[PDB]
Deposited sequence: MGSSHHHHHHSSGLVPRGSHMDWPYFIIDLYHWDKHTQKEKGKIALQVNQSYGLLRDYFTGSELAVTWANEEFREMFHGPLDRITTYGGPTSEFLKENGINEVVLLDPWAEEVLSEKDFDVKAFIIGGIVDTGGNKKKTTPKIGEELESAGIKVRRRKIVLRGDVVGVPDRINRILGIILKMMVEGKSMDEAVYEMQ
């Protein structure tokens, strides 16, 4: 019943080797968070390729990995709508989004991920995280974004509270 939290590697080849290594770090940290709240398998990595997998020190059976497009992963799991965390979104993430079955928490680079998903028939809810209506103090790292969502979704905390706690 719990949603997937997706790290989308669509833009993998546009990153430096250091940025690739930071993504692997964020995957490990995000698994740690979801292993506490849930089981850990709710973390899903799409466009997972061999270079990404070789940045780890063991198999990734504990998380959901998927070599193909995010839209295909969603369709395989009967999901037709996702929340895309995007600081340029018009609407702020809220409790009315927590019935959606998948949240894309990483992958945006600035061919937009949201445009490609919509062209493949996936409804995309673009939602931003703010603090007092501003971005000051709002973390932009994947695992911290995830921590904010989980505090709101699991613990029922307001966004201001969740952002403050995750600073």
### Message
So, counting the deposited sequence from position 1, which segments are absent from the coordinates?
### Response
1 to 21, 132 to 140
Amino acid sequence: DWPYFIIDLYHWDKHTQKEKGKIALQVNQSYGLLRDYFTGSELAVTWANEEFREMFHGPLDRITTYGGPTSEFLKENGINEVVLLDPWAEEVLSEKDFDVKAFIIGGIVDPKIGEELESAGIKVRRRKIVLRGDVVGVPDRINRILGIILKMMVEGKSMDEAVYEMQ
From here on, numbers count along this sequence of modelled residues.
### Task
Using the B-factors recorded in the PDB entry, average over the C-alpha atoms of 152 to 160 and of 21 to 29, then report which stretch comes out higher.
152 to 160
### Message
Mean Cα B factor from the PDB record: higher for 46 to 54, or higher for 128 to 136?
### Response
128 to 136
### Message
Maximum C-alpha temperature factor per the entry, among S41, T70, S119, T65, belongs to which one?
### Response
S119
### Message
Among the choices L60, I113, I105, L34, identify the one whose CA B-factor in the record is greatest.
### Response
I113
### Query
According to the PDB entry, is the CA B factor of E165 in the bottom, middle or top third of its chain, that is, lowest, middle or highest?
middle
